[PDB]
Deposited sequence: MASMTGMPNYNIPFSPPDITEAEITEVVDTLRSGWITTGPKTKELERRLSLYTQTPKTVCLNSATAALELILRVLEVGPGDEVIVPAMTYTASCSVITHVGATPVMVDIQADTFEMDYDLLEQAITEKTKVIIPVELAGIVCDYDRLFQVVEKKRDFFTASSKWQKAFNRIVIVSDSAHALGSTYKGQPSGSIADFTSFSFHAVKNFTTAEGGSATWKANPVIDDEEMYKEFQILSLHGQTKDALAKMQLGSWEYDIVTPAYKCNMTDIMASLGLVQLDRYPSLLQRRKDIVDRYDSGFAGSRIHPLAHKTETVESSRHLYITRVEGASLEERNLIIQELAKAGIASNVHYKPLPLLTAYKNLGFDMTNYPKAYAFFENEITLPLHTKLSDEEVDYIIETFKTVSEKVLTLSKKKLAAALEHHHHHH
C-alpha cells in the first residue's frame, strides 16, 4: 500500500562521504568547512557574510541580542507562526506584540501592523511561511512611515534609526521576492537547516544581513561569533571572555551536510516545483485551496504545501487529517495561532483578538512536500484528499 511520510530526510552517499571526510580530519566541531559553508551561503543569498549556527532559533535570538533588544522593547510577530519566531523575544526579555493576519493569506494585515507600532517597537519579524516571502515593499513603507515613533537605545539601533525588519526565513532558503533571494531583502534574516527543512544539516541554521552602508560586515560577523562561543576573544593560551555569552556554533559535521546539500539544492528546488505544479493542477476547481507558490512578486522555495479546505470546521478538518492517515498519508497543520498555546495564553494573549489567524488555522491542512515523494504518491494524495474531504462533508451534511 502507501505509507507516505510528511518530511523524511533526503540524504545521499555524497553527504555521507563529506561527513566521513570531516570525521577523519583534525576538525570535528567548528572548522574550515563551516567557514566555507558561510562563504557559499552568502553568495547564494547575495549577502556579504553569513554566520552558521546550530539552529534558526539560535540565529534569531542572536540577531535580537546583537540589536540589544531587551526589557521594555516591543517586537512584533504574526499571530500565525511557529512558536520559535516568538519565544526568542521572551528569551531576551522583550515584549512580544502579535498582529492578526489577512483573510486570504498568512501575511500580517499591514494596516493592523501600523496600528500595533509604538515608541517601544524595535523589530518586526515577518515569517516567510512555506517559502512564500512577505510584501517587503509594504513592510519597509510601514517602518519608514512610523520612523518618528522610533527612539534608538543601542549602537545598532542608532545605525538603522528605525524599526529593524528581521526575516524568519526558516522555510525560505532559496525563495525570491522581485527576483532577489531571501537573505537580501530584510535587514537581518534567519534560516533553518533542521532535519525537516528543504536544506538540512539535521540541526542547524544561519544568520545573515543585507548589505548596508551603516554595517561594517566584518565587525558584525565578529559580534555574532563572540556571542555564539562563550564571549571568548583573543588578540597562544591566552583569551578573554568579554560577556558571559552562549554556545551555539555549527560543527564541521553539520557544515559537511550543508556543503553537499547546497550543491544539490538547485535540483531539489526543481523537484519541489514539479510536485507543487502537479498538486496545483490536481486541486484546481476543487474545495482544496493551496497557498500560491508562484506569484507576480514571489518564487517560493516550496517548503510546505499549505492548503485550506473551503467550508470545513475545526472538527471536520481534524477528521480529514485522521482519514488521510488511515489512507497512508501523513499530514500536518501550520499552525495553531500562538494565542492557542498555553505559553502565550499564560502571557495574556487571547485568541479572540486574532480571528483571521484562527480562521486560517481552522481549515488548514499541510500535505507532504519533499523530494522523496514519487509522482504516483502525489497522484494518490491528490485523489485521496479530494475523496476524503467530500466524504467528511457529505457525512456532516447528513
Unmodelled ranges, which are counted on the deposited sequence from position 1 and given in order: 1-8, 244-251, 415-427
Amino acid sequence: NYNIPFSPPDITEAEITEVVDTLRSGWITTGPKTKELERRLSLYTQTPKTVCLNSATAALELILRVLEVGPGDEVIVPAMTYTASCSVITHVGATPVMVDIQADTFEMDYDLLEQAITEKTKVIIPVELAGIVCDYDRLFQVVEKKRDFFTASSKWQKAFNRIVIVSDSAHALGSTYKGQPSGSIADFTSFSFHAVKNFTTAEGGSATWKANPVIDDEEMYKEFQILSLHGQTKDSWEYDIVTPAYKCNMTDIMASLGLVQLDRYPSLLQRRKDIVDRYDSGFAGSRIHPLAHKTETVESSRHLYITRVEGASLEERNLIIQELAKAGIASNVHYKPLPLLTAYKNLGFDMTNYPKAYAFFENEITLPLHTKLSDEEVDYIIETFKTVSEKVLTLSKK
From here on, numbers count along this sequence of modelled residues.
303-311 versus 145-153 - greater average Cα B-factor per the deposited record: 145-153
Between 131-139 and 190-198 (mean CA B-factor, as deposited), the higher: 131-139
232, 175, 102, 87, ranked by C-alpha B-factor: the highest one: 102
Among 216, 240, 223, 168 - the residue whose C-alpha B-factor is largest in the record: 216
Ranked C-alpha temperature factor of residue 356 among modelled chain residues, by third: highest
Cα B factor band for residue 203 (lowest, middle or highest third within the chain): lowest
Third of the chain, ranked by Cα B-factor, where residue 33 sits: middle
Modelled-residue ranking by C-alpha temperature factor, third containing residue 347: highest
For residue 244, the third of its chain into which the C-alpha B factor falls: lowest
